[PDB]
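Everything on this sheet refers to the single structure shown next.
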Amino acid sequence: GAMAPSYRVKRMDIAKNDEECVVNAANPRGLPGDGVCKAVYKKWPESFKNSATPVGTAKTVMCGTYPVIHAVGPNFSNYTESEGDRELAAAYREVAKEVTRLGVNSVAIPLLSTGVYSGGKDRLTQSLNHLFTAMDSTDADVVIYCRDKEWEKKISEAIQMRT
Ligand SMILES: CNCc1cnn(-c2ccccc2)c1
Ligand SMILES: [Cl-]
Ligand SMILES: [Cl-]
């Protein structure tokens, strides 16, 4: 565990993270995909051996000794708002189980289902609150990675508001 477990946010490529493991915003078939998933495939391609896993689950594959936690959020194009919300919450609970099992002191995590799986909706608050619900009982330092300048400010505000 971290001595004073924290949340932080950085605006940069999660493939350049400074944490002990990474969460991939994976597809269920273990395909290279787009966005975060394509960057993770380019940096840790060995971690896509038998990485396929259902929606709402996380599966860890080692790249050398570096753990890649493949977390499959729902594609809100295909799910109802209600069912998608349940699967998005479930994916983050499985990430917390993996982070705990691995014994890491830090984890790099993207906001699941906020990009090409968002169904064209802004899901920053929905995805972030499911992240907190899952990770708050863990003692790893959590570093959230984003792309958008306005998202960085909104994530930073949500973190600071609970300190
Ligand atoms: C990196 N993608 C996250 C993101 C940024 N912006 N939005 C967004 C904003 C308004 C309406 C729909 C979607 C999602
Ligand atoms: Cl970058
Ligand atoms: Cl996404």
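Letters A, B, ... mark the chains of the structure tokens in the order given; residue numbers begin at 1 per chain; ligand numbers begin at 1, in order shown.
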
Enumerate, in order of chain and increasing residue number, the residues of chain A with an atom no farther than 10 Å from ligand 3, each with its shortest atom pair and distance in Å to one decimal, counting only C-alpha atoms and all ligand atoms, as a Markdown table.
```
| residue | atom | partner | partner_atom_place_in_ligand_line | distance |
| --- | --- | --- | --- | --- |
| A:25 | CA | ligand 3 | 1 (Cl) | 6.4 |
| A:26 | CA | ligand 3 | 1 (Cl) | 8.2 |
| A:27 | CA | ligand 3 | 1 (Cl) | 8.9 |
| A:34 | CA | ligand 3 | 1 (Cl) | 8.8 |
| A:35 | CA | ligand 3 | 1 (Cl) | 7.8 |
| A:36 | CA | ligand 3 | 1 (Cl) | 8.0 |
| A:37 | CA | ligand 3 | 1 (Cl) | 8.8 |
| A:72 | CA | ligand 3 | 1 (Cl) | 9.1 |
| A:73 | CA | ligand 3 | 1 (Cl) | 7.3 |
| A:74 | CA | ligand 3 | 1 (Cl) | 8.3 |
| A:75 | CA | ligand 3 | 1 (Cl) | 7.3 |
| A:76 | CA | ligand 3 | 1 (Cl) | 9.3 |
| A:110 | CA | ligand 3 | 1 (Cl) | 9.0 |
| A:111 | CA | ligand 3 | 1 (Cl) | 7.7 |
| A:112 | CA | ligand 3 | 1 (Cl) | 5.5 |
| A:113 | CA | ligand 3 | 1 (Cl) | 3.8 |
| A:114 | CA | ligand 3 | 1 (Cl) | 4.7 |
| A:115 | CA | ligand 3 | 1 (Cl) | 3.7 |
| A:116 | CA | ligand 3 | 1 (Cl) | 4.7 |
| A:117 | CA | ligand 3 | 1 (Cl) | 4.1 |
| A:118 | CA | ligand 3 | 1 (Cl) | 6.0 |
| A:119 | CA | ligand 3 | 1 (Cl) | 9.1 |
| A:123 | CA | ligand 3 | 1 (Cl) | 10.0 |
```

Please identify all polymer residues within 8 Å of residue A:68, counting only C-alpha atoms, omitting same-chain residues fewer than 3 positions from it, and present them as a ChimeraX atom specification. /A:21-24,44,47,60-63

Can you build me a table of chain A residues sitting at most 7 Å from ligand 1, with the closest atom pair per residue and its distance in Å to one decimal, using only C-alpha atoms and all ligand atoms, sorted by chain and residue number, as CSV?
```
residue,atom,partner,partner_atom_place_in_ligand_line,distance
A:114,CA,ligand 1,3 (C),4.9
A:115,CA,ligand 1,2 (N),4.2
A:120,CA,ligand 1,12 (C),5.0
A:121,CA,ligand 1,12 (C),4.1
A:122,CA,ligand 1,13 (C),4.0
A:123,CA,ligand 1,14 (C),6.8
A:146,CA,ligand 1,1 (C),6.8
A:147,CA,ligand 1,1 (C),5.8
A:148,CA,ligand 1,5 (C),6.2
A:151,CA,ligand 1,5 (C),6.9
```

Determine, counting only C-alpha atoms, which protein, DNA and RNA residues have an atom within 9 Å of an atom of residue A:97; residues of the same chain fewer than 5 positions away are not included. Present the result as a CSV table (one decimal) with N, CA and C atoms, in the first residue's frame.
```csv
chain,number,residue,atom,x,y,z
A,58,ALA,N,-12.4,-7.6,-15.8
A,58,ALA,CA,-11.0,-7.2,-16.0
A,58,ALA,C,-10.2,-8.5,-16.0
A,92,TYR,N,-15.2,-1.5,-13.1
A,92,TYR,CA,-14.3,-0.9,-12.1
A,92,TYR,C,-14.2,-1.7,-10.8
A,102,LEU,N,-2.6,-7.8,-7.0
A,102,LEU,CA,-1.3,-7.7,-7.6
A,102,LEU,C,-0.4,-7.1,-6.5
A,134,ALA,N,-15.3,2.1,-6.6
A,134,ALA,CA,-14.5,0.9,-6.7
A,134,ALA,C,-13.1,1.1,-5.9
A,138,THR,N,-9.3,0.8,-1.8
A,138,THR,CA,-7.9,0.3,-2.1
A,138,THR,C,-6.9,1.3,-1.5
```

Where does chain A meet ligand 2 within 12 Å, residue by residue, with the nearest atom pair and distance in Å to one decimal for each, counting only C-alpha atoms and all ligand atoms, listed by chain and rising number, as a Markdown table?
```
| residue | atom | partner | partner_atom_place_in_ligand_line | distance |
| --- | --- | --- | --- | --- |
| A:10 | CA | ligand 2 | 1 (Cl) | 9.7 |
| A:11 | CA | ligand 2 | 1 (Cl) | 7.4 |
| A:12 | CA | ligand 2 | 1 (Cl) | 4.0 |
| A:13 | CA | ligand 2 | 1 (Cl) | 4.3 |
| A:14 | CA | ligand 2 | 1 (Cl) | 7.8 |
| A:15 | CA | ligand 2 | 1 (Cl) | 8.4 |
| A:16 | CA | ligand 2 | 1 (Cl) | 7.2 |
| A:17 | CA | ligand 2 | 1 (Cl) | 9.6 |
| A:36 | CA | ligand 2 | 1 (Cl) | 11.6 |
| A:39 | CA | ligand 2 | 1 (Cl) | 10.6 |
| A:145 | CA | ligand 2 | 1 (Cl) | 10.1 |
| A:146 | CA | ligand 2 | 1 (Cl) | 9.9 |
| A:147 | CA | ligand 2 | 1 (Cl) | 8.4 |
| A:148 | CA | ligand 2 | 1 (Cl) | 11.4 |
```

Just list as a PyMOL selection string whatever in chain A DSSP marks as strand (DSSP E or B). chain A and resi 7-11+22-25+58-63+66-71+106-110+141-146

Residues of the last selection are to be written out with C-alpha atoms, as a PDB file, in the first residue's frame.
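Result file out.pdb:
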```pdb
ATOM      1  CA  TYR A   7      -5.864  10.407  -6.351  1.00  0.00           C
ATOM      2  CA  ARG A   8      -4.185  12.526  -9.049  1.00  0.00           C
ATOM      3  CA  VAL A   9      -4.971  13.404 -12.681  1.00  0.00           C
ATOM      4  CA  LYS A  10      -2.563  13.910 -15.610  1.00  0.00           C
ATOM      5  CA  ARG A  11      -3.261  15.031 -19.184  1.00  0.00           C
ATOM      6  CA  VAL A  22      -1.790   0.146 -16.143  1.00  0.00           C
ATOM      7  CA  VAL A  23      -5.517  -0.327 -16.825  1.00  0.00           C
ATOM      8  CA  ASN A  24      -6.368  -0.737 -20.521  1.00  0.00           C
ATOM      9  CA  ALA A  25      -9.794   0.475 -21.767  1.00  0.00           C
ATOM     10  CA  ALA A  58     -11.036  -7.201 -15.995  1.00  0.00           C
ATOM     11  CA  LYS A  59      -8.284  -9.679 -16.952  1.00  0.00           C
ATOM     12  CA  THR A  60      -4.580  -9.042 -16.124  1.00  0.00           C
ATOM     13  CA  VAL A  61      -1.767 -10.166 -18.508  1.00  0.00           C
ATOM     14  CA  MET A  62       1.914  -9.510 -17.697  1.00  0.00           C
ATOM     15  CA  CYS A  63       4.237  -7.732 -20.199  1.00  0.00           C
ATOM     16  CA  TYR A  66       4.635  -5.095 -15.774  1.00  0.00           C
ATOM     17  CA  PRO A  67       0.867  -5.851 -15.229  1.00  0.00           C
ATOM     18  CA  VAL A  68      -1.697  -4.736 -17.873  1.00  0.00           C
ATOM     19  CA  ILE A  69      -5.240  -4.932 -16.437  1.00  0.00           C
ATOM     20  CA  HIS A  70      -7.634  -5.230 -19.444  1.00  0.00           C
ATOM     21  CA  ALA A  71     -10.930  -3.682 -18.210  1.00  0.00           C
ATOM     22  CA  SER A 106       0.240   2.681  -7.749  1.00  0.00           C
ATOM     23  CA  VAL A 107      -2.009   2.239 -10.859  1.00  0.00           C
ATOM     24  CA  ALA A 108      -2.554   4.347 -14.061  1.00  0.00           C
ATOM     25  CA  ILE A 109      -6.297   4.305 -15.038  1.00  0.00           C
ATOM     26  CA  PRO A 110      -8.294   5.882 -17.908  1.00  0.00           C
ATOM     27  CA  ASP A 141      -1.992   5.669  -5.387  1.00  0.00           C
ATOM     28  CA  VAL A 142      -4.399   6.147  -8.343  1.00  0.00           C
ATOM     29  CA  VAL A 143      -3.335   8.355 -11.296  1.00  0.00           C
ATOM     30  CA  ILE A 144      -6.177   9.084 -13.775  1.00  0.00           C
ATOM     31  CA  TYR A 145      -5.071   9.800 -17.386  1.00  0.00           C
ATOM     32  CA  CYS A 146      -7.103  12.025 -19.774  1.00  0.00           C
TER      33      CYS A 146
END
```

Quick one: residues within 9 Å of residue A:89, only C-alpha atoms, excluding same-chain residues fewer than 5 positions away - as a list in words?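 Once the adjacent positions are removed, what remains is residues 56, 73, 84, 127, 129, 130, 131, 133 and 134 of chain A.
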
Name the residues in contact with residue A:5 at a cut-off of 7 Å, using only C-alpha atoms, excluding same-chain residues fewer than 3 positions from it; report them as number ranges by chain. A: 2, 139-141

When you draw a straight line from atom CA of residue A:137 to atom CA of residue A:30, how long is it in Å?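 These atoms are spaced 28.5 Å apart.
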
Give me, please, the distance in Å between atom CA of residue A:42 and atom CA of residue A:95, quoted to one decimal. 21.6 Å

Pick from A:43, A:57, A:105, A:94: nearest to residue A:19, with only C-alpha atoms counted? A:105

What does the distance between atom CA of residue A:31 and atom CA of residue A:51 come to in Å, to one decimal place?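 Interatomic distance here is 8.7 Å.
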